[PDB]
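Worksheet: one structure, shown below.
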Amino acid sequence: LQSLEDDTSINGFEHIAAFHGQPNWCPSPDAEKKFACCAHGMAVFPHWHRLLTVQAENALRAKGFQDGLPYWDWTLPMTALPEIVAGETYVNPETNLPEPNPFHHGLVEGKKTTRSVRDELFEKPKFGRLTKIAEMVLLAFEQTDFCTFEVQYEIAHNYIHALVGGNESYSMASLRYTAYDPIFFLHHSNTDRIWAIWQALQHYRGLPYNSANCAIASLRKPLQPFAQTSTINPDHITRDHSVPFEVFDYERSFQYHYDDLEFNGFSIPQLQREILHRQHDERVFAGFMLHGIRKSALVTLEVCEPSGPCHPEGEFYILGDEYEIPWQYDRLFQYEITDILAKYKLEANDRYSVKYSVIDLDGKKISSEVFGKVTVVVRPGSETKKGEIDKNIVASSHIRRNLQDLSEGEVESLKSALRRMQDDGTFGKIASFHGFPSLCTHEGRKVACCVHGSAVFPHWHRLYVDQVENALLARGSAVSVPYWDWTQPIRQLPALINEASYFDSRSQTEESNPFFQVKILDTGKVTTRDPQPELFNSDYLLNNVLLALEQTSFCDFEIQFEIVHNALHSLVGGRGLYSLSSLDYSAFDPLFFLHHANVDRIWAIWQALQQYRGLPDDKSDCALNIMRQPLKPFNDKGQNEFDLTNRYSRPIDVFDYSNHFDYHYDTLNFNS
Amino acid sequence: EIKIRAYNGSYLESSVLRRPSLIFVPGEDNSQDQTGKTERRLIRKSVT
Amino acid sequence: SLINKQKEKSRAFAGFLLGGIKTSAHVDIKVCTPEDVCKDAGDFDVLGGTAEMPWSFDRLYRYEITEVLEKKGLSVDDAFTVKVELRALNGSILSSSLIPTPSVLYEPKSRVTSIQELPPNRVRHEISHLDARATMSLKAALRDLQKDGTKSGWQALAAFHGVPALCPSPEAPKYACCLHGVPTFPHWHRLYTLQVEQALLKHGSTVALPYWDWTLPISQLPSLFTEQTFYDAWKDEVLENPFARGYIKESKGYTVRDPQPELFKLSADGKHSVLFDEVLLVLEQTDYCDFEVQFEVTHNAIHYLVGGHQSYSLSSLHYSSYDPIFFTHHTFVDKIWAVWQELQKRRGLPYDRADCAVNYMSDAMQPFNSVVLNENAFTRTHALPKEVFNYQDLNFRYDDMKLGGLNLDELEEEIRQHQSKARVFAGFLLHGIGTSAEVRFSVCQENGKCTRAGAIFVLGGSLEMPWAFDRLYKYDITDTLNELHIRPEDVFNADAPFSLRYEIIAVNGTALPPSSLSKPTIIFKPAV
Amino acid sequence: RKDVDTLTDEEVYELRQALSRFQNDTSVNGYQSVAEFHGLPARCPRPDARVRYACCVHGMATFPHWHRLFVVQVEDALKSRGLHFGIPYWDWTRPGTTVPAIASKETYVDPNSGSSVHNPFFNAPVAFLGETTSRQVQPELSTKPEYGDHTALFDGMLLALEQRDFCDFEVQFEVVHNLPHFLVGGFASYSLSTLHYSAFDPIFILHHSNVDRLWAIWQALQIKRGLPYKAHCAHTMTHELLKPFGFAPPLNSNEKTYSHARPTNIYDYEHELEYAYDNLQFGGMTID
Ligand SMILES: *[C@@H]1O[C@H](CO)[C@@H](O[C@@H]2O[C@H](CO)[C@@H](O[C@@H]3O[C@H](CO)[C@@H](O)[C@H](O)[C@@H]3O)[C@H](O)[C@H]2NC(C)=O)[C@H](O)[C@H]1NC(C)=O
Ligand SMILES: *[C@@H]1O[C@H](CO)[C@@H](O[C@@H]2O[C@H](CO)[C@@H](O[C@@H]3O[C@H](CO)[C@@H](O)[C@H](O)[C@@H]3O)[C@H](O)[C@H]2NC(C)=O)[C@H](O)[C@H]1NC(C)=O
Ligand SMILES: *[C@@H]1O[C@H](CO)[C@@H](O[C@@H]2O[C@H](CO)[C@@H](O[C@@H]3O[C@H](CO)[C@@H](O)[C@H](O)[C@@H]3O)[C@H](O)[C@H]2NC(C)=O)[C@H](O)[C@H]1NC(C)=O
Ligand SMILES: *[C@@H]1O[C@H](CO)[C@@H](O[C@@H]2O[C@H](CO)[C@@H](O)[C@H](O)[C@H]2NC(C)=O)[C@H](O)[C@H]1NC(C)=O
């Protein structure tokens with residue numbers, strides 16, 4: 001770069017950069033009025049900047065180089081600007097002397113580039129969530145059309161210019177002196193990488209990428225000045241590839257490509273899953289129309305409540321000067337409000353207004369009525385939208401499987417983990433919820449908070465079983481909790497629970513499997529099973545669950561659900577006072593979990609049937625005076641562990657288990 | 001006739017629970033029920 | 001039918017279990033806020049005595065509760081309490097524990113479609129089906145109001161849409177009250193169209209304003225307007241038809257209609273007008289905002305087709321309300337809007353709400369919001385376009401939702417047919433330029449010798465708000481490319497396929513600079 | 001899989017949680033029971049007979065195959081607990097290399113609970129002996145190569161790659177592989193300095209992941225040059241069952257390695273070993 005910038009002729013860095021500004025040969029050099037070919041807001045902007053980067057790389061290759069231009073990753077959070085450009089004078093021991101950096105500033109027509117960094121770049125994002133720039137660029141990927149992609153792409157692109165330039169004319173903040181600072185090349189390379197991510201994801205989706213179908217009329221036009229004869233640009237490959245139908249297949253054309261397509265440590269399928277999970281729920285947008293105002297300036301937004309004050313909602317930035325073609329975006333431009341909506345807990349359809357204020361770089365307030373009536377729109381979630389074709393979603397973390405086919409390794413692992421849980425003894429404390437002791441109070445008397453006989457019954461058991469299995473996986477079991485199927489006729493008791501005792505190779509010794517019995521804490525006794533002689537070779541459970549599943553509404557379903565739930569409980573409890581019969585103690589056995597797992601399974605099955613039938617499924621129609629209040633044991637914080645048990649405790653929240661709890665099943669088949 | 005079977009080994013009299021009933025539902029074979037057309041005839045009435 | 005209509009709205013109900021308490025008492029329900037504010041929603045009585053045989057219902061008992069909650073703002077998905085008070089016959093308070101605590105139930109929408117019955121008036125028949133009785137009744141019942149110079153006069157009525165302006169404030173007239181561009185256009189115009197039926201009925205109407213199917217092949221303007229003067233001898237005075245001209249209490253002039261040659265152009269089969277394909281294209285899409293932006297220019301066309309080149313005609317928004325053809329056409333406009341809902345019902349996508357205009361829906365609705373400008377008490381409380389979608393609540397209907405003398409079945413069949421193959425579209429930007437204009441475009445390939453691709457329409461007066469449409473208005477040129485013998489793949493081909501030459505013609509014959517409007521774009525639509 | 005120099009906070013946090021979950025387990029698939037595969041007590045070749053040995057193939061024609069199977073087994077065990085991606089690898093070949101600061105500490109604060117917690121990377125407990133591995137430091141790894149030169153490890157790697165057949169490349173590969181073992185082990189009794197307790201320190205998996213990466217770039221370079229990279233001089237050595245990975249369940253709970261105990265289908269790691277690498281970069285200079 002030292003040699004290239006010292007060069008002055010048609011091979012000069014100065015000329016290759018002055019391409020992007022003055023002097024002007026745009027639209028054609030032979031015109032009484034000349035502008036710049038920095039196509040801002042057009043539909044060929046990515047094409048043009050890709051050509052610029054290719055020309056820059058070809059030009060620099062001729063000065064003893066090997067690879068392409070490294071891309072500065074401003075998406076990933078940082079605390080300081082890159083040290084490759086931070087220095088002004090650095091010491092090279094090859095000559096054993098210091099000399100000035102070629103990145104700190106750039107001398108152009110008797111003046112140098114100037115930098116004025118602002119602290120708002122150096123924000124430290126709170127743990128777990130990305131930064132503002134990251135989410136802005138992220139929301140440009142789900143849109144399956146380059147037509148709508150381009151606007152978010154360019155707005156993210158030009159955010160950095162105001163973010164880092166400052167308020168100096170002799171700087172890259174303004175378009176006039178922005179192609180002369182060296183880091184501009186780096187930034188545009190990174191933006192080209194963002195676009196490459198875009199078409200990679202497009203190919204993953206399967207829709208065509210190398211042939212957009214929105215602006216073919218303009219896309220037919222060759223670009224300038226990248227198409228005039230070599231007398232104006234020394235190289236030839238860009239001039240020959242001027243027509244922009246071919247700057248898509250970069251790897252086939254220009255013989256170069258990136259290596260790390262990952263974005264903040266996200267693989268392509270991983271970020272696809274993440275964006276689908278984000279799209280799952282409903283949200284809100286602010287919508288703008290954009291046109292030049294001849295002065296690049298920031299635009300801030302604030303929502304004013306008619307029944308209250310007005311509050312700011314962040315800001316974005318736009319580019320514009322007096323030496324470019326006027327541009328008009330075809331469609332709306334989106335901005336996010338969801339964070340402030342959550343913060344102010346205002347209803348999704350309340351009365352309010354959104355007001356935009358335009359401020360120049362200096363700080364002067366231009367008239368706040370230069371963009372018409374800014375709109376606000378609402379977008380329903382993927383769950384809310386229906387396609388009547390299955391569900392077609394894949395989750396992560398927990399995957400619950402039918403233990404009848406579970407292999408012995410994880411079986412031994414999980415029984416060992418449960419034994420360790422009994423060892424530490426917190427299992428009794430966590431299971432004390434469902435019955436005795438009195439962890440509950442009512443009518444001025446020690447009682448149990450065992451929710452029973454209401455629409456919130458399946459909710460409470462699903463939450464309880466998931467909390468218990470999370471506490472178990474805290475011991476690092478090989479697999480998550482399994483479910484014992486009973487829809488198929490049972491030949492006998494399941495092997496894992498009826499086998500006398502296990503033999504572990506860790507000690508190469510026998511030991512009794514806990515699944516038989518467990519000592520109830522400080523009671524002087526232990527549990528005991530008692531099978532019933534009519535539990536086998538019957539289709540009664542099958543036909544009963546079918547005639548319970550046939551129903552349509554929810555409240556009716558709840559009652560037959562509870563009936564069949566307590567059915568096999570009483571059947572297997574037997575004469576034993578301390579068994580699966582009496583619910584005061586019946587939750588102390590692992591059979592409780594092995595049963596409630598399929599108890600949840602059938603609810604999920606009914607959910608799938610309702611989804612297929614198109615009737616309302618997530619929303620309920622009973623206990624509406626209660627469905628807002630979360631479950632009593634899980635309302636508190638001391639007893640409940642963390643996370644789901646204290647945030648996603650709303651019965652209204654409970655329905656969206658596949659997303660707000662992240663656990664799928666092995667399959668939704670129901671007895672073949 | 002209804003009897004109560006308990007885990008203790010005993011019974012309970014049926015009077016503790018309300019006496020149940022029998023319900024029969026026809027099949028869902030129904031296709032059309034609404035009349036093809038009504039009758040548009042005027043009817044006069046006394047003024048009082 | 002009344003109870004079927006009642007079932008459409010959702011209901012909130014209090015559910016109870018009842019039994020015999022061998023006595024009689026008065027029961028009162030009490031709905032209470034979390035902060036201990038209680039309201040007496042209702043009451044009834046329970047009957048029994050010492051000699052009765054004990055009983056209890058096998059099911060629920062429902063009591064309607066929506067009134068108090070909707071009056072006090074407590075929505076259905078809120079939290080509250082319900083309490084029961086018992087008063088004995090002998091003046092003794094009774095224990096509430098004797099009854100079980102009640103529950104709350106929610107009966108939802110009933111998305112089924114109901115064929116409502118209404119009296120044989122306020123039923124907008126098709127214009128050609130009108131008989132002599134209906135025609136004479138309408139013309140008399142319209143001239144009667146037209147010859148009225150009072151506050152309810154026709155000029156004062158039509159002053160809303162046109163001029164003199166009374167907006168944004170009646171005290172100081174700045175600009176016209178016509179609402180255009182923004183999505184609430186069909187709402188405003190449909191309610192304005194309805195507004196005249198009240199006046200017509202109260203002045204002696206017999207049927208509502210008919211709709212004219214201009215989509216059918218049109219030889220010329222229908223004979224109802226084409227007529228000039230007829231004699232009936234009842235008043236022994238020849239009556240001139242009020243369906244040709246209109247008095248302006250300000251300008252002392254009159255409008256003058258003017259046909260245009262293109263209005264008589266017929267389709268390929270000849271059973272539909274040239275605007276039929278555009279009508280289907282409007283019906284095709286799903287999102288409501290895209291629908292309305294594609295749908296405005298549709299009715300905007302006829303104003304220019306029939307208004308001619310006159311400052312005082314339908315070609316100008318200032319004085320378009322002073323000609324009954326305005327009402328005649330907006331009737332068919334509302335027809336299109338209504339028939340869109342039946343097509344919506346197929347995929348059941350939400351339509352009553354506007355996901356893309358949540359700020360716009362709840363906007364105060366000018367000018368009917370203020371009682372100063374109009375004194376129709378029925379519409380004095382309808383300043384919300386959200387309560388206008390369910391037009392059955394507005395007490396009218398249509399004879400049939402048929403278009404082009406055809407059923408929605410063949411409509412969806414033709415939509416599928418036109419979706420089967422590929423398509424090429426022209427997308428135009430459009431925004432207010434404070435006049436009315438023609439956009440005539442010609443598709444021309446490399447040769448430079450080409451045909452007339454087509455034209456579109458735009459209107460705007462000089463006393464209206466600035467406005468820009470949200471999205472790109474799309475027009476079909478695939479057939480024209482077919483006569484040009486250029487396959488759609490040629491557009492993608494590395495060969496230079498073609499371009500378009502557009503131009504704009506003003507109403508008075510002048511031509512505005514092409515710079516006043518953006519650059520049109522070419523869109524491609526694949527096969528499905 | 002990615003190098004440990006491009007991992008942010010949250011991935012480290014999730015990995016630490018997963019490691020602790022693995023560690024406190026005392027199962028057949030426990031961390032100690034899988035470190036058993038590479039050290040004492042001895043159960044090789046046939047645990048039923050009298051002879052005692054360690055199945056860790058050292059200095060023979062199957063070292064890369066065996067250790068790659070080991071690392072993929074560890075990956076399969078770990079990814080169940082919630083590992084989003086592959087195991088990170090530490091690039092000791094980096095000029096001016098240092099101990100990974102991700103592991104060099106001892107305790108760290110969980111921000112979610114805002115509280116201190118013991119870092120699993122610091123040390124692990126030997127189960128039967130009841131002791132723990134203690135690392136040791138030496139300045140040899142942390143020496144600074146001068147301006148424009150190359151470090152000893154780097155030139156060792158080059159002098160390992162210039163050869164053009166697998167049948168001898170492995171000997172220098174192994175002899176340079178053993179160096180960072182002692183370099184990180186030092187003179188401490190329990191460390192990677194000896195194979196007696198080699199697997200009881202997490203850095204082991206990082207080091208051998210780097211090993212597998214170098215073997216992969218060896219294949220890439222060889223296929224670029226157009227030479228047979230298959231270990232054809234071990235035709236009677238590959239076909240041996242790589243015990244204990246070829247035994248019967250439940251001794252080998254995982255099934256993928258058991259089915260792939262034949263090394264003849266392990267060269268194409270992009271397909272039948274369900275893992276891949278982000279970049280083939282070596283010292284800022286690619287295979288081309
Ligand atoms: C005024 O009217 C009320 C309602 O009819 C009368 O309340 C009734 O009072 C009698 C005795 O005060 C209750 O009899 C009770 O019967 C139970 C068995 O069911 C028995 O165990 C008690 O010892 C007692 O005898 C009766 O239940 C109650 N009515 C109801 C519906 O509960 C009241 O007595 C009337 N006033 C006068 C002065 O009679
Ligand atoms: C025929 O219609 C055209 C428009 O469709 C009329 O042109 C409009 O009015 C004037 C020309 O009469 C022009 O703009 C005006 O320019 C004056 C110059 O001082 C300015 O003061 C006004 O404020 C206004 O901007 C222009 O051609 C056009 N106005 C626009 C586009 O805003 C034309 O006048 C009509 N013909 C006749 C005979 O009136
Ligand atoms: C693997 O198992 C070990 C048990 O040997 C876990 O260590 C212990 O984990 C529990 C969390 O379940 C820690 O309890 C917490 O301690 C903090 C600090 O006192 C306290 O503020 C919390 O309220 C909670 O009680 C416990 O302290 C910890 N053991 C020690 C010695 O600190 C380890 O977390 C497990 N690894 C996992 C689950 O990944
Ligand atoms: C049947 O089971 C019930 C449940 O405990 C027993 O009933 C209780 O018995 C005790 C003492 O026998 C009494 O004090 C309670 O009042 C009884 N309650 C009820 C609801 O019955 C009963 O004892 C068992 N049957 C037999 C024969 O022992």
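Letters A, B, ... go to the chains of the structure tokens in the order shown; residues in each chain start at 1; ligands are counted from 1 in the same order.
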Open item on the list: At a cut-off of 7 Å, using only C-alpha atoms, what residues contact residue 83 of chain C? Leave out same-chain residues fewer than 5 positions from it and give the result as an NGL selection string.
Closed with: :C and (29-31)
Open item on the list: Around ligand 4, out to 10 Å and counting only C-alpha atoms and all ligand atoms, which residues are there? I want them as a ChimeraX atom specification.
Closed with: /A:577 /B:5-12
Atoms kept (N, CA and C atoms) for selection, written as a tab-separated table (two decimals), in the first residue's frame:
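After the write, result_37.tsv holds the following:
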chain	number	residue	atom	x	y	z
A	577	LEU	N	-50.67	-48.50	50.89
A	577	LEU	CA	-50.99	-47.14	51.30
A	577	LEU	C	-49.98	-46.15	50.75
B	5	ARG	N	-65.33	-49.02	45.04
B	5	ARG	CA	-64.24	-49.90	45.42
B	5	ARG	C	-63.08	-49.04	45.91
B	6	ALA	N	-62.62	-49.30	47.13
B	6	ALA	CA	-61.57	-48.51	47.74
B	6	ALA	C	-60.27	-49.30	47.84
B	7	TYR	N	-59.17	-48.57	48.00
B	7	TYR	CA	-57.86	-49.19	48.14
B	7	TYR	C	-57.68	-49.84	49.51
B	8	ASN	N	-58.34	-49.30	50.54
B	8	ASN	CA	-58.27	-49.89	51.87
B	8	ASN	C	-58.74	-51.34	51.87
B	9	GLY	N	-59.61	-51.69	50.93
B	9	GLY	CA	-60.25	-52.99	50.91
B	9	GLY	C	-61.73	-52.97	51.20
B	10	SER	N	-62.34	-51.79	51.35
B	10	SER	CA	-63.74	-51.65	51.72
B	10	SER	C	-64.52	-51.01	50.57
B	11	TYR	N	-65.80	-50.77	50.82
B	11	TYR	CA	-66.69	-50.11	49.88
B	11	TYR	C	-67.20	-48.80	50.47
B	12	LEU	N	-67.90	-48.04	49.63
B	12	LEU	CA	-68.60	-46.84	50.05
B	12	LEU	C	-69.98	-46.84	49.42
Open item on the list: Give me the residues near residue 495 of chain A as a VMD selection string, where near means some atom within 12 Å (using only C-alpha atoms) and where sequence neighbours in that chain fewer than 4 positions away do not count.
Closed with: chain A and resid 403 to 408 411 484 490 to 491 499 to 502 513 515 to 516
Could you list, as a short mmCIF file (atom, residue, chain, number, x, y, z; two decimals) with N, CA and C atoms, in the first residue's frame, all residues that come within 8 Å of ligand 1? Count only C-alpha atoms and all ligand atoms.
data_model
loop_
_atom_site.label_atom_id
_atom_site.label_comp_id
_atom_site.auth_asym_id
_atom_site.auth_seq_id
_atom_site.Cartn_x
_atom_site.Cartn_y
_atom_site.Cartn_z
N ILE C 21 -82.03 -26.25 47.26
CA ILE C 21 -81.69 -25.81 48.61
C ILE C 21 -82.94 -25.80 49.50
N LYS C 22 -83.97 -26.55 49.09
CA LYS C 22 -85.24 -26.69 49.80
C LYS C 22 -85.77 -25.37 50.36
N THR C 23 -85.58 -24.29 49.61
CA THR C 23 -86.08 -22.97 49.97
C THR C 23 -86.02 -22.10 48.72
N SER C 24 -86.42 -20.84 48.87
CA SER C 24 -86.37 -19.90 47.76
C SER C 24 -85.61 -18.66 48.19
N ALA C 25 -84.82 -18.12 47.27
CA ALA C 25 -83.98 -16.98 47.60
C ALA C 25 -83.63 -16.21 46.34
N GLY C 49 -88.42 -25.67 48.03
CA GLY C 49 -89.11 -25.72 49.30
C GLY C 49 -88.80 -27.00 50.05
N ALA C 88 -82.64 -14.49 51.61
CA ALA C 88 -83.76 -15.39 51.82
C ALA C 88 -85.09 -14.63 51.75
N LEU C 89 -86.17 -15.40 51.61
CA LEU C 89 -87.50 -14.81 51.52
C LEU C 89 -87.86 -14.08 52.81
N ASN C 90 -87.45 -14.68 53.98
CA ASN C 90 -87.81 -14.15 55.29
C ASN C 90 -86.81 -13.12 55.79
N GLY C 91 -86.13 -12.42 54.89
CA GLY C 91 -85.21 -11.37 55.27
C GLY C 91 -83.98 -11.83 56.02
N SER C 92 -83.40 -12.96 55.61
CA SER C 92 -82.21 -13.50 56.25
C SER C 92 -81.11 -13.65 55.21
N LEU C 94 -77.87 -15.35 53.57
CA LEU C 94 -77.57 -16.77 53.43
C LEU C 94 -76.10 -16.95 53.05
#
- [ ] Could you report the residues within 12 Å of ligand 2, using only C-alpha atoms and all ligand atoms, as a ChimeraX atom specification?
- [x] /C:309-311,315-316,432-438,458-463,504-517
TODO: Residues within 10 Å of ligand 3 should be enumerated using only C-alpha atoms and all ligand atoms and returned as a PyMOL selection string.
DONE: (chain A and resi 420+424+426+471-476+638+641) or (chain D and resi 14-25+81+113-118+120)
Selection from above, N, CA, C and O atoms, as a CSV table (one decimal), in the first residue's frame, can you write it?
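Result file follows (again.csv):
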chain,number,residue,atom,x,y,z
A,420,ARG,N,-27.2,-40.9,42.6
A,420,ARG,CA,-26.5,-39.8,43.1
A,420,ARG,C,-27.4,-38.7,43.6
A,420,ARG,O,-27.2,-38.0,44.6
A,424,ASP,N,-27.5,-37.2,47.4
A,424,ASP,CA,-27.4,-35.8,47.9
A,424,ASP,C,-28.7,-35.4,48.6
A,424,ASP,O,-28.7,-34.6,49.5
A,426,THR,N,-31.5,-33.9,47.7
A,426,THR,CA,-32.3,-32.8,47.2
A,426,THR,C,-33.5,-33.4,46.4
A,426,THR,O,-34.5,-32.6,46.2
A,471,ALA,N,-33.2,-30.7,36.8
A,471,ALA,CA,-32.4,-30.9,38.0
A,471,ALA,C,-31.7,-32.2,37.9
A,471,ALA,O,-30.5,-32.4,38.4
A,472,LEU,N,-32.2,-33.2,37.2
A,472,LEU,CA,-31.5,-34.5,37.0
A,472,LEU,C,-30.4,-34.3,36.1
A,472,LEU,O,-29.3,-34.8,36.3
A,473,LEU,N,-30.6,-33.7,34.9
A,473,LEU,CA,-29.6,-33.5,33.9
A,473,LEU,C,-28.5,-32.6,34.5
A,473,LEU,O,-27.4,-32.6,33.9
A,474,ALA,N,-28.7,-31.9,35.6
A,474,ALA,CA,-27.7,-31.2,36.3
A,474,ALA,C,-26.6,-32.2,36.8
A,474,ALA,O,-25.5,-31.8,37.1
A,475,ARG,N,-27.0,-33.5,36.9
A,475,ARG,CA,-26.0,-34.6,37.2
A,475,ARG,C,-25.4,-35.2,35.9
A,475,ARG,O,-24.7,-36.2,36.0
A,476,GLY,N,-25.7,-34.6,34.8
A,476,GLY,CA,-25.1,-35.0,33.5
A,476,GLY,C,-25.4,-36.4,33.0
A,476,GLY,O,-24.5,-37.2,32.6
A,638,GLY,N,-37.2,-18.5,45.8
A,638,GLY,CA,-36.3,-19.3,46.7
A,638,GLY,C,-36.3,-20.8,46.4
A,638,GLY,O,-35.3,-21.4,46.2
A,641,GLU,N,-35.6,-23.2,41.0
A,641,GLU,CA,-34.1,-23.1,40.8
A,641,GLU,C,-33.7,-21.9,40.1
A,641,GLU,O,-33.0,-21.0,40.7
D,14,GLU,N,-20.6,-22.0,28.1
D,14,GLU,CA,-21.4,-23.2,27.8
D,14,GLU,C,-20.5,-24.4,27.8
D,14,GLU,O,-20.8,-25.4,28.4
D,15,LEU,N,-19.3,-24.3,27.3
D,15,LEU,CA,-18.3,-25.4,27.3
D,15,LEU,C,-17.9,-25.7,28.8
D,15,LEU,O,-17.8,-26.9,29.1
D,16,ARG,N,-17.7,-24.7,29.6
D,16,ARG,CA,-17.4,-25.0,31.0
D,16,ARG,C,-18.5,-25.7,31.7
D,16,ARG,O,-18.3,-26.7,32.4
D,17,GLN,N,-19.7,-25.3,31.4
D,17,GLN,CA,-20.9,-25.9,32.0
D,17,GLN,C,-21.0,-27.4,31.6
D,17,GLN,O,-21.1,-28.3,32.4
D,18,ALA,N,-20.8,-27.6,30.3
D,18,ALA,CA,-20.8,-29.0,29.8
D,18,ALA,C,-19.7,-29.9,30.4
D,18,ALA,O,-19.9,-31.0,30.7
D,19,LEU,N,-18.5,-29.3,30.5
D,19,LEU,CA,-17.4,-30.0,31.1
D,19,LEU,C,-17.7,-30.4,32.5
D,19,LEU,O,-17.4,-31.5,33.0
D,20,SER,N,-18.2,-29.5,33.3
D,20,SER,CA,-18.5,-29.8,34.7
D,20,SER,C,-19.6,-30.9,34.8
D,20,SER,O,-19.5,-31.8,35.7
D,21,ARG,N,-20.6,-30.8,33.9
D,21,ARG,CA,-21.6,-31.8,33.9
D,21,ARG,C,-21.0,-33.2,33.6
D,21,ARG,O,-21.4,-34.2,34.2
D,22,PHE,N,-20.1,-33.2,32.6
D,22,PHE,CA,-19.4,-34.5,32.3
D,22,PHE,C,-18.6,-35.0,33.5
D,22,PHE,O,-18.5,-36.2,33.8
D,23,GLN,N,-17.9,-34.0,34.2
D,23,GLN,CA,-16.9,-34.4,35.2
D,23,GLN,C,-17.6,-35.0,36.4
D,23,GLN,O,-17.2,-36.0,36.9
D,24,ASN,N,-18.7,-34.3,36.9
D,24,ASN,CA,-19.2,-34.8,38.2
D,24,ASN,C,-20.0,-36.2,38.0
D,24,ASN,O,-20.3,-36.8,39.0
D,25,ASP,N,-20.2,-36.6,36.7
D,25,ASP,CA,-20.9,-37.9,36.5
D,25,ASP,C,-19.9,-39.0,36.8
D,25,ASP,O,-18.7,-38.9,36.6
D,81,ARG,N,-24.6,-33.5,25.8
D,81,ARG,CA,-24.9,-32.6,26.9
D,81,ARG,C,-25.2,-31.2,26.5
D,81,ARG,O,-25.7,-30.4,27.3
D,113,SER,N,-25.4,-16.0,37.6
D,113,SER,CA,-25.6,-16.0,39.0
D,113,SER,C,-24.8,-14.9,39.7
D,113,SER,O,-25.0,-14.7,40.9
D,114,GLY,N,-23.9,-14.3,39.0
D,114,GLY,CA,-23.0,-13.3,39.6
D,114,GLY,C,-22.2,-13.8,40.8
D,114,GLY,O,-22.1,-13.1,41.8
D,115,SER,N,-21.6,-15.0,40.6
D,115,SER,CA,-20.9,-15.6,41.7
D,115,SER,C,-19.8,-16.4,41.2
D,115,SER,O,-19.7,-16.9,40.1
D,116,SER,N,-18.8,-16.6,42.1
D,116,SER,CA,-17.6,-17.3,41.7
D,116,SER,C,-17.9,-18.8,41.7
D,116,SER,O,-18.8,-19.3,42.3
D,117,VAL,N,-17.0,-19.5,40.9
D,117,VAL,CA,-17.2,-21.0,40.7
D,117,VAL,C,-15.8,-21.5,40.3
D,117,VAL,O,-15.0,-20.9,39.6
D,118,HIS,N,-15.6,-22.8,40.7
D,118,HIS,CA,-14.3,-23.5,40.3
D,118,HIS,C,-14.3,-23.8,38.8
D,118,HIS,O,-15.2,-24.3,38.3
D,120,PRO,N,-13.3,-26.0,35.8
D,120,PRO,CA,-12.9,-27.4,35.5
D,120,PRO,C,-11.6,-27.5,34.8
D,120,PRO,O,-10.8,-28.4,35.1
Task: Close residues, segment 6-16 of chain A itself excluded, 10 Å, only C-alpha atoms, min 5 positions apart in chain, as an MDAnalysis selection string - done: chainID A and resid 1 23 52 55:56 59:60 62 106:109 179:180 182 230:235
TODO: Could you tell me which of B:4, B:19, B:26, B:32 comes closest to chain C if we count only C-alpha atoms?
DONE: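 Closest candidate: B:19.
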Open item on the list: Using only C-alpha atoms and a distance of at most 8 Å, pull out the residues of chain A that contact chain D, as a ChimeraX atom specification.
Closed with: /A:93-94,127-128,259-260,265,397,408-410,412-413,416-417,474-479,504-506
- [ ] Name all residues at most 12 Å from segment 201-203 of chain A (count only C-alpha atoms; drop same-chain ones fewer than 2 positions away) and give them as a ChimeraX atom specification.
- [x] /A:140-146,149,194-199,205-212,249,261-262,267-273,275
